[PDB]
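[1] Give me a 3D structure for the following:
(one chain, ligands or ions: 2)
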Amino acid sequence: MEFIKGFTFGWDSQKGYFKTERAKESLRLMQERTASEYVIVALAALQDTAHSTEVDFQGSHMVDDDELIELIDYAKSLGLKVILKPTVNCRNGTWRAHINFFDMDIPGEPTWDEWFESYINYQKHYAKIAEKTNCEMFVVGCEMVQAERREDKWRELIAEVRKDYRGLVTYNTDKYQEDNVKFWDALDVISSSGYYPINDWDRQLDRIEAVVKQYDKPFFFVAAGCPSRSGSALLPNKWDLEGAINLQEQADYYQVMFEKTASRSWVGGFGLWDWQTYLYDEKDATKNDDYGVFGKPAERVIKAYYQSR
Ligand SMILES: OC[C@H]1O[C@@H](O[C@H]2[C@H](O)[C@H](O)[C@H](O)O[C@@H]2CO)[C@@H](O)[C@@H](O)[C@@H]1O
Ligand SMILES: OC[C@H]1O[C@@H](O[C@H]2[C@H](O)[C@H](O)[C@H](O)O[C@@H]2CO)[C@@H](O)[C@@H](O)[C@@H]1O
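    Numbering: from 1, shown residues only. Ligands and ions are numbered 1, 2, ... in the order given. See below for the structure:
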C-alpha cells in the first residue's frame, strides 16, 4: 500500500452541511493547502452515556445518506481517495474510550450484547454506503479502549462488516494500545491514534514496530495531530487541555512527528486531525487554538512533508 497522505474532514458536520458549497470549498482548500491525497470522513453517532446501549445515527447531528454520498463522490472528483470512519460520542461528553458494561450479564443491567447489537446496526449501515461509493477503506471503531477486551464481539462485528463491504477494513485503536488489540488478524490494515508526546517517539515507535512486523498488513496513524496550544505537544490527544495559544508549538509537534516517522518504512501514513467542514476565516488563524492547521505554520510543515513522500 502507498503512503497515505490523509486528512480528517467533516468532524464538525451536521445534517445539511455536506450539501453546501461551503463544505465543498473547504475540502478543495484542504487538498490545495496540505497536498493530501486521502480524506478521512469522520462521523459520530451519539449515545446518551458511556453505559447506554442505543447508538443513535438517525438524528440531525448526522449528515444524511444522500449528502454523504454526494460529498464522497465530490472528493473522488478531486482525485482524493476516501476512508470512511463512523464512530460514536456520548451526549454527556464522556470520551468513547470509557464505553463499558459489566463483564457478566446482570438482570436489568445494560449489557455488551445489547450495545454491540446497536453498534453493529450502525456500522453495517455505513459499511453499505462505503461499498456503493467504493470507499478505499472503512474504520469499524475508534479508540474503544475498554470495549477492546470483548474480542469475540469485535470479530463478530468485522464479519458483519465483511458481508456489506469488499474493501479494506481497519480498526482505530488508541495510543499505547497497538500491542493490546487481539484481533488484528481479522483486519486488513492496522491503525492507531498516534497522539504520542513530542519527546517519546523513539520508545513508542519501537513498541509499535514490534507489533506491525508480526503481520503482513500496512500500518498507519489514522488519527494524529496537535492543537495550537501551549502544553499540547506533550499531550496532543487532550482536546480540552487548558493552555494558552501557541501556533509555534503545534508546528514543532508536526516537524518532530514527521522527522521521527519518515525513517520508519512501516509507518504507512496519517489521517491528520482535523480539517473542519465550516472553516474559520484565515485572518483568524493566528487566534485559533484548535486542532486545525488552516492558515497556520503547521500547514506549511504538512504540505512540505506530504509533497516529499
Ligand atoms: O438521504 C436522504 C434520506 O435521509 C433519510 O434520513 C436518514 C439519513 O439518510 C440517515 O440514514 C440518518 O442516519 O437517518 C435518517 C432518518 O432515517 C430521510 O430523511 C429520508 O426522508 C431522506 O430521503
Ligand atoms: O468527541 C468530540 C471531541 O472530539 C475531539 O477529537 C478527538 C476525537 O474525538 C477522536 O478522539 C480523535 O481520535 O482525536 C480527536 C482529538 O483528541 C475534538 O474534536 C473535540 O473538539 C471534540 O469535542
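[2] which residues in the stretch 151-300 of the chain form strands?
    Counting by DSSP state E, counting those that start in this stretch, the stretch 151-300 of the chain has strands at residues 168-173, 189-193, 219-224, 267-275.
[3] Partner strands of the longest one, with direction?
    For strand 267-275, the pairing partners within the sheet under DSSP bridges are strand 4-9 (parallel), strand 219-224 (parallel).
[4] do the first one and ligand 2 meet?
    This points to strand 4-9. No. Using Cβ under 6 Å from any ligand atom, strand 4-9 never reaches ligand 2; the gap is at least 7.9 Å. (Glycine included, C-beta is placed from N, CA and C.)
[5] For that strand, give me every contacting residue.
    Applying Cβ atoms under 8 Å, 6 or more residues apart in numbering, the contact partners of strand 4-9 are 26-27, 30, 34-42, 83, 85, 220, 222-223, 225, 268-275, 277, 306, 309.
[6] and what of the last one?
    The contact list for strand 219-224 (Cβ under 8 Å, 6+ apart) reads 4, 6, 8, 40, 83, 85, 139, 142, 170, 172, 189-195, 208, 212, 257, 261, 266-273.
[7] and with 7 Å instead?
    With Cβ atoms under 7 Å, 6 or more residues apart in numbering as the test, strand 219-224 has contacts from 4, 8, 40, 139, 170, 172, 190-195, 212, 257, 266-273.
[8] where does the stretch 151-300 of the chain come near ligand 1, residue by residue?
    Contacts of the stretch 151-300 of the chain with ligand 1, taken as Cβ under 6 Å from any ligand atom, are absent.
[9] Up against ligand 2, what does the stretch 151-300 of the chain have?
    Residues of the stretch 151-300 of the chain lying close to ligand 2 by Cβ under 6 Å from any ligand atom are 193, 223, 237, 239, 273.
[10] how close does the nearest residue to the first one once chain neighbours are set aside get to residue 286?
    If I follow you right, that is residue 193. In space, and not counting its chain neighbours, residue 193 is closest to residue 223: 4.3 Å by Cβ to Cβ, 6 or more residues apart in numbering. Using Cβ to Cβ, to the nearest Å, we find residue 223 at a distance of 25 Å from residue 286.
[11] Tell me how many other residues crowd the residue of the stretch 201-309 of the chain found nearest ligand 1.
    With Cβ to the nearest ligand atom, the shortest gap between the stretch 201-309 of the chain and ligand 1 falls at residue 277, namely 16.8 Å. Using other Cβ atoms under 10 Å, residue 277 has 22 neighbouring residues.
[12] Can you tell me the number of residues neighbouring residue 84?
    Applying other Cβ under 10 Å, I find that residue 84 has 24 neighbouring residues.
[13] Look at it and give its secondary structure.
    With DSSP: H, G, I helix; E, B strand; the rest coil as the basis, the three-state label of residue 84 is strand.
[14] can you check the one 4 residues further on too?
    In three-state terms, and counting by three-state DSSP, residue 88 is strand.
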